[PDB]
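Single chain ahead, by itself, as structure tokens, in the form deposited without the RNA.
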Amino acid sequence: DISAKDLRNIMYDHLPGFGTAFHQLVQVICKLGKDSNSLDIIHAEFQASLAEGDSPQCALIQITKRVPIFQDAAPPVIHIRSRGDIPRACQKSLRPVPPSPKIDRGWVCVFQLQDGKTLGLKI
């Protein structure tokens, strides 16, 4: 059986750069996947998209649009201290949070900072 850590490693293996918004999307997919006992179907979808010739980035986005736990889903809230806790390669992807953000519309997660500031990570 595949673990959340295994799936993270598999997905990271295909991504360029490091600490990018796509790496964070992997984290979200793995966390929500684990919490919904869906790591296997998610892995199968990822591999199937790659096998069709999709970019790994598109494979991750297709998971958000095809696997039902992400469809019309609000992004998870992640509590952190400051913007400094977020990798450099994610910084320019941070945005003010819109009213109903949705994972399948590119809103990966919402970071809540210790002083109450709130930023959404957008792809």
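Note that residue numbering begins at 1 and tracks the sequence as displayed.
Unshown form deposited with the RNA bound; subsequent notes refer to it.
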Can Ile61 be called a contact residue for the RNA in the entry with it bound at 4.5 Å between heavy atoms? yes
Using 4.5 Å between non-hydrogen atoms, is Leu7 touching the RNA in the entry with it bound? no
Taking the shortest heavy atom distance, is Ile123 within 4.5 Å of the RNA in the entry with it bound? yes
The RNA contact at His14 in the entry with it bound, heavy atom, 4.5 Å: no
So, a 4.5 angstroms cut-off on heavy atom distances: do all three of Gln24, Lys31 and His79 pass it with respect to the RNA in the entry with it bound? no
For a quick check, can you give me the residues of 68 to 101 that have a heavy atom within 4.5 Å of the RNA in the entry with it bound? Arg95
